[PDB]
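Have a look at the structure below, then the notes.
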Amino acid sequence: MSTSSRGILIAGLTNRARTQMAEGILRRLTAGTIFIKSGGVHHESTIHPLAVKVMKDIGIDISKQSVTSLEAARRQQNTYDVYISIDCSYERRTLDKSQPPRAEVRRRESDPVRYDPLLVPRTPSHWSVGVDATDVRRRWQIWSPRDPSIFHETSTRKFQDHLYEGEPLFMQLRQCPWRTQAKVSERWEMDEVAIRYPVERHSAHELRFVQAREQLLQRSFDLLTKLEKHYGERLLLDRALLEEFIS
Amino acid sequence: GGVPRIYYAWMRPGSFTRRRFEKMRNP
Amino acid sequence: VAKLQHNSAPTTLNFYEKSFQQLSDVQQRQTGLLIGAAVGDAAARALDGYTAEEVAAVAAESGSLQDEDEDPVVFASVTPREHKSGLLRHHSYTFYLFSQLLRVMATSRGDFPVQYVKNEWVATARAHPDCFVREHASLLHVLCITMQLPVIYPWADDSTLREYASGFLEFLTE
Amino acid sequence: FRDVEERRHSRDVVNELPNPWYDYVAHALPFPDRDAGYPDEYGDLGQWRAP
Amino acid sequence: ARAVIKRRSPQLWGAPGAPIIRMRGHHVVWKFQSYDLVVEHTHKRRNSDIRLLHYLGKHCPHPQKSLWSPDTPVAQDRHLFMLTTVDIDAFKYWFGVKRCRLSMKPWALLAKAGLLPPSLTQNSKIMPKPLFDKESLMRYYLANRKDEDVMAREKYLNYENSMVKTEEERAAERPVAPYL
Amino acid sequence: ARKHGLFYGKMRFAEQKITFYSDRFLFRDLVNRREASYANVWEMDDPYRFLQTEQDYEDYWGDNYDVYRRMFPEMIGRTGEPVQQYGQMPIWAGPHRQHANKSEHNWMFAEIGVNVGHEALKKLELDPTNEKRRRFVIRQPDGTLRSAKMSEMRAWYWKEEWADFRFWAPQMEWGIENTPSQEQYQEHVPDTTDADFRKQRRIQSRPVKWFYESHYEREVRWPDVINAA
Amino acid sequence: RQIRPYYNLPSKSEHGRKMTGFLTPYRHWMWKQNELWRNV
Amino acid sequence: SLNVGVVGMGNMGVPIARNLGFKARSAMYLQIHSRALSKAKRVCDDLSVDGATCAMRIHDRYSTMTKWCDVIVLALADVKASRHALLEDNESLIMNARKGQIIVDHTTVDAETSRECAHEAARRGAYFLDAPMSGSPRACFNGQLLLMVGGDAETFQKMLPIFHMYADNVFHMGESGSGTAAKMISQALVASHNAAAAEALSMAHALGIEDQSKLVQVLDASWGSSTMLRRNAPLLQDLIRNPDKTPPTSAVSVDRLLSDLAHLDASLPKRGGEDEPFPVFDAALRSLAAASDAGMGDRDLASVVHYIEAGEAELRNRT
Amino acid sequence: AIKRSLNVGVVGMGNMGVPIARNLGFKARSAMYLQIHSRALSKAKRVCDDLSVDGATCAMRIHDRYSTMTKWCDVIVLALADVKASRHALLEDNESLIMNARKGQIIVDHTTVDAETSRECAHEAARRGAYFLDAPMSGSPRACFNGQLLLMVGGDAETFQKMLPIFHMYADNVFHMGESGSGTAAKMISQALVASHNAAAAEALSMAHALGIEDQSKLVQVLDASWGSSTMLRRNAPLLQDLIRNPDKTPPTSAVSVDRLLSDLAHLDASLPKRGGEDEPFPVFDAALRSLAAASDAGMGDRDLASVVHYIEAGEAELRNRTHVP
Amino acid sequence: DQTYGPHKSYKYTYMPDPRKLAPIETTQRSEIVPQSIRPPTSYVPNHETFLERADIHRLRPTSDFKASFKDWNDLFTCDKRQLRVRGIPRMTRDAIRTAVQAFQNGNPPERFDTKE
Amino acid sequence: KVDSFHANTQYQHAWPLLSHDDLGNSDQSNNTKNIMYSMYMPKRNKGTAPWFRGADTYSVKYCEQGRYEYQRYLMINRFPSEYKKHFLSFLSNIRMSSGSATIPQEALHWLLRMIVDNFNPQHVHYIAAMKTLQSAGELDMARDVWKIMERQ
Ligand SMILES: [Mg+2]
């Protein structure tokens, strides 16, 4: 039967490795009955070859999928029901995107310096995420010097003063505070796996894809169990992946 | 007035611009 | 020559990659004695204390190279044994006194007496007594410390270098 | 809050570098140490008031 | 302390109050608005030719393009730039010796420069405020407290003076055998 | 770059200067500098010997030569200055305020004051071997405090829009007439007993780690082990 | 500015202000907590 | 405050009363009426055994509901029951309305019924809002319903905290009679987009496209995208590639759509002068009617892919 | 075996080819040599003039003949207006790009064509040794300026992997449909859905005006909350409300037209198979075709699709005369 | 064929500044600091209750704009520009934004109504 | 349609290599045929032209000089009542007790600012500085005061 789910959005920053593996897991468990759209912000990439091989070890072929941003779905943002943001932790996040991630803040329970759990609280889980790093959209603008209002020497449509006029095709990022309008909005904290660190073997870089695969198998099982209590239908139609996951 | 400030350097006899003007007004 | 912008290619692979072009031909050799000892000591850290047969067992147990992976001997993924104190899990005890001498050399802005560095060297030996008694007054440990001394003036002769290093060779053997 | 911060700052290897903005004052005298050329002590065109 | 109080700008403890480091603006549009980090009084002196104590610098709140990106490409070089000039020595003189006041926006601007810690109002809204109880604080204090003389020498180096001569320098400062 | 509806000119000289024929010493300086200079410089000469990789070759000669030559007027052995980063002061509030330094843009801060900001002393105030160097800092959007580049340091002064394509300083004469003597530098009579500013700056440079282990003439020795003894 | 919460002591007076500055001991305790967090 | 009275207990009537009992923390009074007093007693017991924070009353007649409650909310089954309860009864809610009362009708009714209800409520002095609900019963239990309120603007602004207790999307269409038309237009667009998606996937199978999983990903990023295209396509793939396979029974049926679409032709003006001033609407209606009488009325809306040509059958032979 | 940049040419400076050329000129930083073709050299000179004045990151080169465009380019990308222009530029001309294709060239056709044209193009390109991709684009020129276009590439998969860094400079959602001709069929199905949803939104706003709903944006929010939302409805509903409430108002001209959509649906009907020597019936699609034909027969086929509405019943008049014939 | 420009030995015929052709990278604040939303507590269960508790000033009629918000998340995701779009005056939208930012920092709107 | 009208009415093609001037000048070895045009421009400009002092260098003496070598010896005389006032003020600033508002190093500071402000420190100032630094246990600072007295 046709499900009551209007769609599933999987948001990311690059749509390269983690969101492509999450689209392949969720499409197998739902047996393709739910429309699942995996997207990102920076689409100028291909699917990582280790993401295809690791998913091939289960029996899922995500090689037919494509890297595609969410810009076609931002206009239809209120039409989808489920929104998933796969994004790295802000304590582990690095902007250079070429180094191994930092260490998180450790707290005491019951040599890294551990903190007190009352002096340093741990961002309580009953709060919801309003704006994530995957909630941006691209904004292309060009200030052309053949416009006589931009060519004039007293004009603020330039990012300098005395060098030239205008600016050729600069890109800025907006914010999309519309993930709270969705019926189910979750955020999945996973480390970046699509970028290889300084010197590291191929089996060690592939092992991070297997660790990111088992986290995506756990989070997709918890998501579809939540969605079965939201709609009221059966969405875990294929449990051949789950019998290897529970056992 | 109607003349610019570079007029005496532009129309100085023997210069490149004055010879170009004399060749333009009389081919 | 230039490739299309694809797969989020980085501009530079390191913070100081293009800063090495902004040195002279002697300053690349001055920093090469310093940074080159830092790279080699960090690369051979995981196989420290291994014998000649145990190093060959590391290269034999991993025979999978995709021609972009480097040697498994360099920056090995093996498990260390004492596995460490705090900062010494990436560099040896000989490098801890090397980096402290470099920190004094950078702040002294030139040549400096031995007494500027005597208090920082004995603090690590007080903190790491097991690594101190293994390496003190040995030829390998003393030579690695005073290796960075001709960076202060590389055009010096042997009479100037051995006289300046003689104060450092006394305290390392005392 | 001071002791935990000073312990993690002493254990940090990145923030042990010196900072010239934080470590010292470069100059505290009211006059600069070398001549920048100024003053001129003479008049020029269009200036009637001298001295 | 007036009969009819100036309703739009109230202050504390009369005029001229404590010196304060402020970021004053101009009476222009936002597109050409810049800020002056200045040292002034609590009440602004409008009856003087000296309307400020010291001028610490200028901050431009509009982001500029990085005109120096092909010089040496470092990490995050092609981002925009916020240009500010800061008088370091005058700030440290008016902060330590004269003990000025600070508004929150110059505090945030100087915390961006590495001169000060981040301000009290720069809240991480994901981390709540701490909760204190004296028993855990006493247990942590008795778990690891410093020595008395070590703490005294740390305070002496941080607050009193930091250039104390060693014995090897006292042996060099003393005169020699023609006078000794 | 030429605009449409106006005519341009050409500068006869880059600077309003005094001639070198007016004095014998300026004439000798010009002849000695032309001795130490090329007549024509090409891609293979000693001022272009720092281009050791072909990627640096294509970066210098391609699409940024107008920027790379406008960095420094005289041809030096490089194009700029190496970038080094600074340490962050400890924030006693801990991880409550560790987010506040990371921002959107780069925050560039420059120094001013009585000692700092003179156009006549520009190459001395940007000298990295000057202990009173004009302090620049740049906070990256990821919170990193780094120093400024050479063009970033020269952007805060007046514009210097000329270039020297001849003089190469390793070609200077040093054996016949240019002989700097140590006795000429000894005529200033720099003494440590008559002035103690150099020793005080050396004391300010060295670490103060010894002050806490003073009671722990007494000289500092290695720690004696009782387990091995 | 000193905060006047709704659960302070009300001054039932038609000749002045309707709320005093007399707190609750919970307000005293949380003000002490905020005082310590500013004291750091 | 104001007293609240909910009338009608059915498959969709009871979670509105449950959410009114949950969210009103002893601020708004709750009264319960239904078609039978035993059902009202049953739902009041069900509200009482699971935790009730406010007092609730049970009534068998509309007279005490009018004299006690200022806000009345009706969620009934059919249009005839709503016409009986609001107007045709002797103890009617609108014919015996109090001045200042607010009567909201959540039943999917005609436009003339809503016009007569709003006119007689304005004559009595009360305020009548028509807000037909769209959503699932479990979506009503979780608190997500779509409401299109028609009536007065200040009455809509007074009813926003009450509507936000059991519905997240509550929009104001404007004058009364326009709230009941929005559901007709929405389900007409649902039927038209379902027929368009079925014929698009039939043409996709005709053109020989074997990969439909990448085709819907293309079509969702195009200008011919719709939510019904995302909804029906994995079922329509199996219904086209296996034509002997019977369609599965779903919650929303062909008769459930046709019961609302049978209000629209009665709510529309005279069409017999041109005989078809709505081509694709009746083109979808004929396919739904051919799917209804063939035995597939209780099954899913994707069953019209086998009766695409039969909608041509009332076009070639009737002309 | 000379280490050099890729020679990339754009054939046709029209409604969509000019933002494709501008995106290739801006976003390719010294990685390609850009070539620009047009029938008139002044148009290519104007495009290169605007690209050089606004500031491009690559060098550009104008062309007037297809032979120089064939002998210079490693990659050729065609963005034309009509199927006749693309069939002339690819197959029918003497200097045409596919008939004179060199060994290893890649020719991508962004112009929406029929199935047999792309079939013969890919067949003759494979016979010449070159590669042909058909990738019909979906989007507005403003969406092409923002880099968000829908591409359905048919052809080789390795050629698709090679052409993805060029496709990502002007298009966002780039899908690989499979063999040659699949992207053309995807474009045909997408434009059939465009026509059907346009007619459905047309009759929806006609019902909204007939039943007394004044505002249209709240109806759009209600339909976005319900199952009755579509892209064409949200695109057309202000223009549909302005045309229905002002029944004498003339519609504005847009980038898409009635005649372009009718030509694409004619390509779809020519590519659709017949069963038993007769057409397969499709009621809502034929009704949208009748409305589009009635809108185009009134001479307003250059304008937007909202111009359908004033001829909706007129399309039924075209049925009734076809009823009146014996 | 011919290259654009009469020179044909230059890559750029108009010869702009090479800093004009340098790219501009960008990073949103949402990549730096996230934005979280606190759930409604028992003191403020709704958003109209939140606007009623923030109604303190006479010239800040906060409780008069209950219909200008959809729910709690719509109240806590709107910035000052979206409050300007919805038709709220300057002092009222400043009061609403400061009350929301104080509730996000841990300070609920518990202040005395200074109207009477 | 808005882009087709806005053509390039603003820029022009750049100067080629070995090009001439618009006035006819050129960069050759013989500059007798070329002329200057600074005398045709207006004499004073409100503001700064983009070519105004774009390449202007200063002397080598400015960057080869040492510190504090430009200061000439100026005899700043004043009234003897001002002498008494400044001497009493410096003696009071030197003799400040070391509490939590004054470190003992200020006893060395106010002597040094006495010499920077061109005052001659009397013997009572040296006595007060040495006694104040000896009472706080700063013996090296007292010897620094003695060395300051010897260097004067
Ligand atoms: Mg995708």
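By convention here, the chains of the structure tokens are called A, B, ... in the order presented, each chain's residues are numbered starting at 1, and ligands are numbered starting at 1 in the order presented.
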Could you report the residues within 8 Å of ligand 1, using only C-alpha atoms and all ligand atoms, as a list in words?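 After applying the 8 Å limit, what remains is residues 15, 20, 37, 38, 39, 40, 65, 66, 67, 68 and 69 of chain A; 173 of chain I.
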I'd like the contact shell of residue K:104 - 8 Å cut-off, only C-alpha atoms, skipping same-chain residues fewer than 4 positions apart - returned as a list in words.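 These residues fall inside the cut-off: residues 160 of chain E; 97, 98, 108, 132, 133, 136 and 138 of chain K.
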What residues in stretch 4-158 of chain F get the DSSP label strand (DSSP E or B)? Please answer as a PyMOL selection string. chain F and resi 37+74+85+106-111+136-139+145-146
Could you write out that same residue set with C-alpha atoms as a compact mmCIF listing (two decimals), in the first residue's frame?
```
# COMPACT_ATOMS: atom_id res chain seq x y z
CA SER F 37 73.28 44.60 -10.72
CA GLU F 74 63.79 45.26 -4.69
CA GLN F 85 51.21 31.12 14.67
CA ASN F 106 39.39 36.48 9.61
CA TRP F 107 39.96 39.19 12.22
CA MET F 108 43.11 41.18 11.46
CA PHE F 109 44.55 43.42 14.19
CA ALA F 110 47.43 45.86 13.73
CA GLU F 111 49.41 47.97 16.19
CA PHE F 136 50.23 42.09 13.79
CA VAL F 137 47.82 39.28 14.59
CA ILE F 138 45.14 37.48 12.57
CA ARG F 139 42.49 35.29 14.18
CA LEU F 145 46.03 33.07 16.08
CA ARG F 146 48.65 33.51 13.36
```
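For chain E, the residues close to chain G, meaning within 10 Å and counting only C-alpha atoms, are residues 120, 129, 130, 131, 132 and 133 of chain E.
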Leaving out stretch 14-22 of chain B and any residue of its chain fewer than 2 positions from it, which residues lie within 12 Å of it when counting only C-alpha atoms, given as number ranges by chain? B: 6-12, 24-27; K: 20-26, 33-35
Atoms kept (N, CA and C atoms) for selection, written as a PDB file, in the first residue's frame:
```pdb
ATOM      1  N   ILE B   6      45.268  70.179 -21.569  1.00  0.00           N
ATOM      2  CA  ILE B   6      46.297  69.414 -22.267  1.00  0.00           C
ATOM      3  C   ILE B   6      46.375  69.907 -23.712  1.00  0.00           C
ATOM      4  N   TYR B   7      45.718  71.041 -23.981  1.00  0.00           N
ATOM      5  CA  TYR B   7      45.561  71.542 -25.345  1.00  0.00           C
ATOM      6  C   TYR B   7      46.890  71.983 -25.951  1.00  0.00           C
ATOM      7  N   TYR B   8      47.750  72.625 -25.160  1.00  0.00           N
ATOM      8  CA  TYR B   8      49.011  73.115 -25.701  1.00  0.00           C
ATOM      9  C   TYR B   8      50.004  71.985 -25.942  1.00  0.00           C
ATOM     10  N   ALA B   9      49.880  70.880 -25.208  1.00  0.00           N
ATOM     11  CA  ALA B   9      50.697  69.705 -25.480  1.00  0.00           C
ATOM     12  C   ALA B   9      50.122  68.848 -26.595  1.00  0.00           C
ATOM     13  N   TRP B  10      48.808  68.909 -26.809  1.00  0.00           N
ATOM     14  CA  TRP B  10      48.176  68.109 -27.849  1.00  0.00           C
ATOM     15  C   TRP B  10      48.375  68.727 -29.225  1.00  0.00           C
ATOM     16  N   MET B  11      48.286  70.053 -29.317  1.00  0.00           N
ATOM     17  CA  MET B  11      48.330  70.759 -30.589  1.00  0.00           C
ATOM     18  C   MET B  11      49.674  71.430 -30.843  1.00  0.00           C
ATOM     19  N   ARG B  12      50.719  71.007 -30.145  1.00  0.00           N
ATOM     20  CA  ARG B  12      52.042  71.586 -30.347  1.00  0.00           C
ATOM     21  C   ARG B  12      52.599  71.148 -31.696  1.00  0.00           C
ATOM     22  N   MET B  24      44.542  64.112 -40.471  1.00  0.00           N
ATOM     23  CA  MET B  24      43.113  63.827 -40.462  1.00  0.00           C
ATOM     24  C   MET B  24      42.319  64.914 -41.174  1.00  0.00           C
ATOM     25  N   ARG B  25      42.635  66.185 -40.913  1.00  0.00           N
ATOM     26  CA  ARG B  25      41.904  67.272 -41.554  1.00  0.00           C
ATOM     27  C   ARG B  25      42.328  67.489 -43.001  1.00  0.00           C
ATOM     28  N   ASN B  26      43.473  66.946 -43.409  1.00  0.00           N
ATOM     29  CA  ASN B  26      43.912  66.982 -44.803  1.00  0.00           C
ATOM     30  C   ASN B  26      44.602  65.657 -45.096  1.00  0.00           C
ATOM     31  N   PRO B  27      43.918  64.724 -45.766  1.00  0.00           N
ATOM     32  CA  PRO B  27      44.519  63.403 -46.010  1.00  0.00           C
ATOM     33  C   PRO B  27      45.657  63.415 -47.013  1.00  0.00           C
TER      34      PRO B  27
ATOM     35  N   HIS K  20      52.923  53.008 -26.890  1.00  0.00           N
ATOM     36  CA  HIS K  20      53.226  54.421 -26.759  1.00  0.00           C
ATOM     37  C   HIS K  20      52.204  55.091 -25.846  1.00  0.00           C
ATOM     38  N   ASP K  21      52.398  56.384 -25.633  1.00  0.00           N
ATOM     39  CA  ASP K  21      51.476  57.195 -24.858  1.00  0.00           C
ATOM     40  C   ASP K  21      50.362  57.721 -25.757  1.00  0.00           C
ATOM     41  N   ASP K  22      49.283  58.192 -25.125  1.00  0.00           N
ATOM     42  CA  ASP K  22      48.245  58.883 -25.878  1.00  0.00           C
ATOM     43  C   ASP K  22      48.703  60.255 -26.352  1.00  0.00           C
ATOM     44  N   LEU K  23      49.685  60.850 -25.680  1.00  0.00           N
ATOM     45  CA  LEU K  23      50.297  62.092 -26.126  1.00  0.00           C
ATOM     46  C   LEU K  23      51.418  61.862 -27.131  1.00  0.00           C
ATOM     47  N   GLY K  24      51.821  60.610 -27.346  1.00  0.00           N
ATOM     48  CA  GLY K  24      52.855  60.278 -28.306  1.00  0.00           C
ATOM     49  C   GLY K  24      54.183  59.876 -27.705  1.00  0.00           C
ATOM     50  N   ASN K  25      54.316  59.890 -26.382  1.00  0.00           N
ATOM     51  CA  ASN K  25      55.571  59.549 -25.737  1.00  0.00           C
ATOM     52  C   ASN K  25      55.780  58.035 -25.730  1.00  0.00           C
ATOM     53  N   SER K  26      57.015  57.633 -25.442  1.00  0.00           N
ATOM     54  CA  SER K  26      57.376  56.225 -25.384  1.00  0.00           C
ATOM     55  C   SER K  26      58.592  56.075 -24.485  1.00  0.00           C
ATOM     56  N   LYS K  33      62.527  63.510 -27.184  1.00  0.00           N
ATOM     57  CA  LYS K  33      61.258  63.585 -27.894  1.00  0.00           C
ATOM     58  C   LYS K  33      60.061  63.467 -26.961  1.00  0.00           C
ATOM     59  N   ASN K  34      60.231  62.841 -25.802  1.00  0.00           N
ATOM     60  CA  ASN K  34      59.168  62.733 -24.816  1.00  0.00           C
ATOM     61  C   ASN K  34      59.164  63.960 -23.914  1.00  0.00           C
ATOM     62  N   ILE K  35      57.984  64.282 -23.381  1.00  0.00           N
ATOM     63  CA  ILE K  35      57.800  65.458 -22.545  1.00  0.00           C
ATOM     64  C   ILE K  35      57.046  65.068 -21.282  1.00  0.00           C
TER      65      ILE K  35
END
```
Long-range neighbours of stretch 40-48 of chain I as a VMD selection string, 10 Å cut-off, only C-alpha atoms, 4 positions minimum in chain: (chain I and resid 11 to 14 18 to 19 21 to 22 25 34 to 36 52 to 54 56 59 to 65) or (chain J and resid 1 3 to 5) or (chain K and resid 4 7 to 8)
Can you tell me, as a ChimeraX atom specification, what residues are no more than 12 Å from residue J:44 when counting only C-alpha atoms, ignoring any on the same chain fewer than 2 positions away? /J:38-42,46-54,72,103,108-110
Please, could you write that set of residues out with N, CA, C and O atoms as an mmCIF file, in the first residue's frame?
```cif
data_model
loop_
_atom_site.group_PDB
_atom_site.id
_atom_site.type_symbol
_atom_site.label_atom_id
_atom_site.label_comp_id
_atom_site.auth_asym_id
_atom_site.auth_seq_id
_atom_site.Cartn_x
_atom_site.Cartn_y
_atom_site.Cartn_z
ATOM 1 N N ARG J 38 14.801 25.198 23.392
ATOM 2 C CA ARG J 38 14.323 24.615 24.636
ATOM 3 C C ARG J 38 12.839 24.273 24.520
ATOM 4 O O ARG J 38 12.071 25.038 23.932
ATOM 5 N N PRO J 39 12.414 23.136 25.063
ATOM 6 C CA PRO J 39 10.992 22.787 25.045
ATOM 7 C C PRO J 39 10.217 23.648 26.025
ATOM 8 O O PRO J 39 10.807 24.227 26.950
ATOM 9 N N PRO J 40 8.900 23.782 25.847
ATOM 10 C CA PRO J 40 8.107 24.581 26.793
ATOM 11 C C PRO J 40 7.990 23.893 28.146
ATOM 12 O O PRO J 40 7.652 22.711 28.233
ATOM 13 N N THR J 41 8.277 24.647 29.203
ATOM 14 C CA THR J 41 8.246 24.133 30.562
ATOM 15 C C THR J 41 6.834 24.269 31.131
ATOM 16 O O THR J 41 5.892 24.652 30.433
ATOM 17 N N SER J 42 6.673 23.956 32.417
ATOM 18 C CA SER J 42 5.376 24.097 33.065
ATOM 19 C C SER J 42 5.037 25.546 33.376
ATOM 20 O O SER J 42 3.853 25.876 33.510
ATOM 21 N N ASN J 46 2.766 27.184 26.574
ATOM 22 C CA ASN J 46 2.440 27.573 25.210
ATOM 23 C C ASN J 46 3.320 28.746 24.794
ATOM 24 O O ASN J 46 4.143 29.238 25.567
ATOM 25 N N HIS J 47 3.141 29.197 23.554
ATOM 26 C CA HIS J 47 3.825 30.405 23.113
ATOM 27 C C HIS J 47 3.034 31.662 23.446
ATOM 28 O O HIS J 47 3.635 32.721 23.664
ATOM 29 N N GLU J 48 1.702 31.565 23.521
ATOM 30 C CA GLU J 48 0.915 32.708 23.966
ATOM 31 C C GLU J 48 1.125 32.979 25.450
ATOM 32 O O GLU J 48 1.099 34.138 25.873
ATOM 33 N N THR J 49 1.394 31.936 26.241
ATOM 34 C CA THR J 49 1.765 32.140 27.638
ATOM 35 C C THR J 49 3.126 32.816 27.747
ATOM 36 O O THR J 49 3.341 33.655 28.631
ATOM 37 N N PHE J 50 4.043 32.488 26.832
ATOM 38 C CA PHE J 50 5.346 33.145 26.796
ATOM 39 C C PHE J 50 5.212 34.615 26.417
ATOM 40 O O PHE J 50 5.928 35.468 26.956
ATOM 41 N N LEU J 51 4.306 34.931 25.490
ATOM 42 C CA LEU J 51 4.088 36.329 25.132
ATOM 43 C C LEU J 51 3.337 37.081 26.225
ATOM 44 O O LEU J 51 3.511 38.296 26.370
ATOM 45 N N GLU J 52 2.498 36.385 26.995
ATOM 46 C CA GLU J 52 1.805 37.026 28.107
ATOM 47 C C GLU J 52 2.753 37.309 29.266
ATOM 48 O O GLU J 52 2.623 38.337 29.941
ATOM 49 N N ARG J 53 3.708 36.411 29.517
ATOM 50 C CA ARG J 53 4.681 36.650 30.579
ATOM 51 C C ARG J 53 5.688 37.729 30.211
ATOM 52 O O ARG J 53 6.255 38.361 31.108
ATOM 53 N N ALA J 54 5.923 37.955 28.919
ATOM 54 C CA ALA J 54 6.825 39.013 28.486
ATOM 55 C C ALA J 54 6.135 40.364 28.359
ATOM 56 O O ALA J 54 6.818 41.369 28.133
ATOM 57 N N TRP J 72 5.533 27.046 19.181
ATOM 58 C CA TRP J 72 6.719 27.353 19.978
ATOM 59 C C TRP J 72 7.968 27.464 19.110
ATOM 60 O O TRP J 72 8.791 28.371 19.300
ATOM 61 N N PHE J 103 15.404 33.471 27.470
ATOM 62 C CA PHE J 103 14.934 32.119 27.754
ATOM 63 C C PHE J 103 15.902 31.068 27.229
ATOM 64 O O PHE J 103 16.024 29.993 27.826
ATOM 65 N N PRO J 108 14.007 32.518 32.453
ATOM 66 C CA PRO J 108 12.607 32.574 32.020
ATOM 67 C C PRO J 108 12.039 33.970 32.204
ATOM 68 O O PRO J 108 12.568 34.759 33.001
ATOM 69 N N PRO J 109 10.983 34.330 31.465
ATOM 70 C CA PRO J 109 10.402 35.671 31.626
ATOM 71 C C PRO J 109 9.626 35.837 32.924
ATOM 72 O O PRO J 109 8.391 35.845 32.923
ATOM 73 N N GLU J 110 10.340 35.972 34.036
ATOM 74 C CA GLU J 110 9.736 36.192 35.348
ATOM 75 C C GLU J 110 10.126 37.593 35.814
ATOM 76 O O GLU J 110 11.112 37.778 36.528
#
```
Quick one: distance from atom CA of residue A:32 to atom CA of residue H:168 in Å, one decimal?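 If I compute the distance from atom CA of residue A:32 to atom CA of residue H:168, I get 28.7 Å.
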Per residue of chain F within 7 Å of chain C, note the shortest atom pair and the distance in Å to one decimal, counting only C-alpha atoms, and order the rows by chain and increasing residue number, as CSV.
```
residue,atom,partner,partner_atom,distance
F:77,CA,C:24,CA,6.5
F:78,CA,C:22,CA,5.5
F:79,CA,C:22,CA,6.7
F:80,CA,C:22,CA,5.9
F:81,CA,C:22,CA,5.3
F:82,CA,C:19,CA,4.4
F:83,CA,C:19,CA,5.9
F:205,CA,C:108,CA,5.7
F:206,CA,C:108,CA,6.2
F:209,CA,C:119,CA,6.6
F:210,CA,C:119,CA,5.9
F:220,CA,C:119,CA,6.9
F:222,CA,C:122,CA,5.3
F:223,CA,C:126,CA,5.7
```
Kindly assemble as CSV a list of the chain D residues that lie within 7 Å of chain E, each paired with its nearest atom pair and their distance in Å to one decimal, using only C-alpha atoms, sorted first by chain and then by ascending residue number.
```
residue,atom,partner,partner_atom,distance
D:21,CA,E:115,CA,6.4
D:22,CA,E:115,CA,5.7
D:25,CA,E:89,CA,5.8
D:27,CA,E:89,CA,6.7
D:28,CA,E:89,CA,6.6
```
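Nearest residue to residue E:159, choosing from K:148, K:101, K:129, K:2 and counting only C-alpha atoms: K:101.
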Which residues are close to stretch 30-42 of chain D, i.e. within 12 Å by only C-alpha atoms, leaving aside same-chain residues fewer than 3 positions away? Reply as number ranges by chain. D: 26-27, 45, 47-51; E: 89-90, 93; F: 112-122, 124-125, 132; K: 58-72, 113, 116-117
One decimal, in Å: what's the spacing between atom CA of residue K:85 and atom CA of residue K:146? 24.2 Å
Please extract the residues of stretch 18-145 of chain K with a backbone DSSP assignment of alpha helix (DSSP H) and present them as an MDAnalysis selection string. chainID K and resid 61:64 80:94 105:116 123:135 139:145
Neighbours of chain B in chain F at 12 Å, counting only C-alpha atoms, as a list in words: residues 7, 8 and 9 of chain F
Just checking: using only C-alpha atoms, which residue out of K:77, K:12, K:28, K:19 ends up closest to chain A?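 With only C-alpha atoms as the atom set, the closest residue is K:12.
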